[PDB]
């Protein structure tokens, strides 16, 4: 009796872990991708400066 | 003692396991769903932000 019972509960717990494990794998991939974007975005901003060369001239109407 | 009794008790225990297994499956699906939602919520909050560019101007009446 106890043998037939234990099989059914055993399958139930394995499936739950499988679904949970799949969710973590997909969730973890999203987090890594988002973290990578930030570093590239930050580096681009710092190097994008601009500079004035020469002298300023005004033209009289 | 006799096969006739043993069948009846055997069926009863199997059904209990089935009902318990079904609830675990449903319960596990909800919990993992909520865990996934938390990660997306956290990442969105960190990325949002605002800066101030330029001076601050006062207009006097």
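Throughout, read-outs are computed from the coordinates displayed, never taken from laboratory work. Backbone-built Cβ (ideal geometry, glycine too); neighbour counts: all protein chains shown.
One line per residue, one yes/no per condition, for (1) in contact (Cβ under 8 Å) with a residue 40 or more places away in the chain; (2) away from every other protein chain (no Cβ under 14 Å); (3) closer than 15 Å to residue B:46 by Cα:
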| residue | (1), (2), (3) |
| --- | --- |
| A:22 | no, no, no |
| A:34 | no, no, yes |
| A:44 | no, yes, no |
| A:51 | no, yes, no |
| A:57 | no, yes, no |
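Among the numbered criteria (1) under 20 Å from the mean Cα position of the chain (by Cα); (2) more than 26 Å from residue A:37 (Cα to Cα); (3) within 9 Å of another protein chain (Cβ to nearest Cβ), which one does residue B:17 miss?
All conditions pass for residue B:17, except number (1).
Give the residue, chosen from B:61, B:5, B:37, that is out of contact with any helix residue (DSSP H, G or I) (no Cβ under 7 Å at 6 or more places or on another chain) and within 30 Å of residue A:34 (Cβ to Cβ). Reasoning before the result, please.
On the way: B:61 fails: within 30 Å of residue A:34 (Cβ to Cβ); B:5 fails: within 30 Å of residue A:34 (Cβ to Cβ).
The match here is B:37.
Only one of (1) assigned to a helix (DSSP H, G or I); (2) away from every other protein chain (no Cβ under 11 Å) is not met by residue A:9, so which one is it?
Among (1) assigned to a helix (DSSP H, G or I); (2) away from every other protein chain (no Cβ under 11 Å), the lone unmet condition for residue A:9 is (2).
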